Amino acid sequence: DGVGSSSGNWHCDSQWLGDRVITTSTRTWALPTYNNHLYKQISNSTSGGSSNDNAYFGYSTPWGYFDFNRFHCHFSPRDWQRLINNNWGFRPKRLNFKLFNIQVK
Amino acid sequence: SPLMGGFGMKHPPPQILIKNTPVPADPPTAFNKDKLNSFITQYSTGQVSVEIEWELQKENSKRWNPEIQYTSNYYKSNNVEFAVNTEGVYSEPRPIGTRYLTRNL
């Protein structure tokens with residue numbers, strides 16, 4: 001939209017329906033410049049590794065990534081307690097993801 | 001509110017009164033005006049069913065840390081709490097209240 005208008009609101013809550021629970025979590029993030037905008041070949045030689053079992057070859061990218069693959073990223077301790085004390089099972093169904101209020105310094 | 005605990009009502013559930021109808025024994029062959037005092041020894045048995053619908057007030061707390069909950073103790077014991085003994089005697093090992101969840105004042 002514009003410089004002076006927020007592009008999203010803070011949504012962080014849990015909604016408990018009959019057979020469904022909807023968890024929403026919002027966090028503030030910071031993203032630096034990685035590898036000074038470069039791709040770099042990496043290996044156990046570059047990191048000083050010696051053992052065969054820990055040898056590797058790969059690349060480090062200037063990109064970051066968002067990870068929310070831990071349960072506490074979505075469930076508060078009270079919500080987790082409710083889930084574990086009141087249900088025989090659970091599974092994820094669908095996902096909604098948002099990035100907003102971008103600020104570059 | 002009843003001082004021993006519970007719900008006070010001007011019109012509570014009505015008293016349900018039951019009695020075995022007296023069955024006189026053999027009366028004398030000559031009329032006697034006195035009330036009969038010789039009856040057949042009797043008793044009755046049967047089944048009784050009561051169904052009560054309860055309305056619930058769900059909790060909508062925003063508390064972050066887990067609540068206190070009533071729970072059985074996993075530690076080994078000779079008998080299971082709220083179960084029968086080896087002689088078939090059912091027992092209630094402790095009084096259980098209702099106030100474990102929390103809310104602000």
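Calculation notes
Residues numbered from 1 in each chain as written, not as in the entry; some residues may be left out. Chains lettered and ligands numbered in written order. Part of a larger assembly, values for the part shown. Heavy atoms only, no water. Contact = heavy atoms within 4.5 Å. Buried area = accessible area lost by both parts, 1.4 Å probe. Salt bridge = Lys/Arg side-chain N within 4 Å of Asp/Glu carboxyl O. Polar contact = N/O pair within 3.5 Å; in protein donor to acceptor, adjacent residues only side chain to side chain. Nonpolar A, V, L, I, M, F, W, Y, C, P; charged D, E, K, R; others polar. Pairing = 2+ DSSP bridges. Helix = DSSP H or I, 4+ residues; strand = E, 2+ residues; numbered from the N terminus. Patch = residues over 30% accessible without salt bridge, like charges linked within 9 Å, V, L, I, M, F, W, Y side chains within 5 Å. Areas by Shrake-Rupley, 256 points an atom, 1.4 Å probe, with all protein chains shown as cover. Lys, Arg positive; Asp, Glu negative; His and termini not counted. Charge placed at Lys NZ, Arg CZ, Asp CG, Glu CD. Buried < 20%, exposed > 50% of the residue type's maximum accessible area, 1.4 Å probe, protein only. Disulfide = S-S within 2.5 Å.

As deposited, the entry is annotated with cryo-EM as its determination method and 1.84 Å as its resolution.

Q: Tell me about the interface of chain B and chain A, and please be specific about residues and values.
A: Residue-level contacts link 10 residues of chain B with seven residues of chain A. Taking both partners together, chain B and chain A bury about 750 Å²; carbon and sulfur atoms supply 45% of that area. Applying the counting criterion to the chain B and chain A interface returns three salt bridges. Residue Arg-82 of chain A pairs with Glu-59 of chain B through a salt bridge whose shortest N-O separation is 2.6 Å. Remark: the boundary between chain B and chain A carries five residue pairs in polar contact. Across the side of chain B that touches chain A, the residue classes tally to three nonpolar, three polar and four charged.

Q: Outline the pairing of strand β1 (residues 13-16) of chain A, listing residues and values.
A: Residues and elements named next belong to chain A. Inspection of the sheet shows β1 paired to strand β2 (residues 21-24) by four bridges, in the antiparallel sense. The partner of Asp-13 across the bridge, within β2, is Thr-24. The hairpin formed by β1 and β2 contains four residues between the paired strands.

Q: Got a sec to walk through a positive patch on the surface? Specific residues and values, please.
A: Together, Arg-20, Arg-91, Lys-93 and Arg-94 of chain A line one region of the surface with positive charge. Relative to the elements of secondary structure, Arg-94 of chain A occurs in the segment after α1 (77-86).

Q: Describe α1 of chain A, naming the residues involved and giving the relevant values.
A: The complete set of buried residues in α1 of chain A reads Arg-78, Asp-79, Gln-81, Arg-82 and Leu-83 of chain A. The inward-facing, buried residues of α1 of chain A contact β1 of chain A.

Q: Can you lay out the environment of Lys-105 of chain A for me, pointing to particular residues and giving the numbers?
A: Residue and element names in this part refer to chain A. If you trace the backbone, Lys-105 turns up in the segment after α1. Since its relative accessible area comes to 93%, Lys-105 is described here as exposed. It is 9.8 Å that separates the C-alpha atoms of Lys-105 and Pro-32, two residues lying 73 residues apart in sequence.

Q: Tell me about the state of the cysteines, and name the residues and values.
A: For the structure on display, the rule yields zero disulfides over all chains. In this model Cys-73 of chain A remains outside any disulfide bridge; the closest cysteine sulfur is found in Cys-12 of chain A, 11 Å from its own.

Q: Got a sec to walk through the pattern of salt bridges? Specific residues and values, please.
A: Applying the stated criterion to the full structure yields seven salt bridges over all chains. With its nearest N and O atoms 2.8 Å apart, the salt bridge here joins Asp-13 of chain A to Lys-62 of chain B. The exposure class assigned to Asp-13 of chain A is partly exposed, which follows from its relative accessible area of 42%. Its relative accessible area of 59% is what places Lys-62 of chain B among the exposed residues. The residue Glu-67 of chain B makes a salt bridge to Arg-63 of chain B at a minimum N-O spacing of 2.7 Å.

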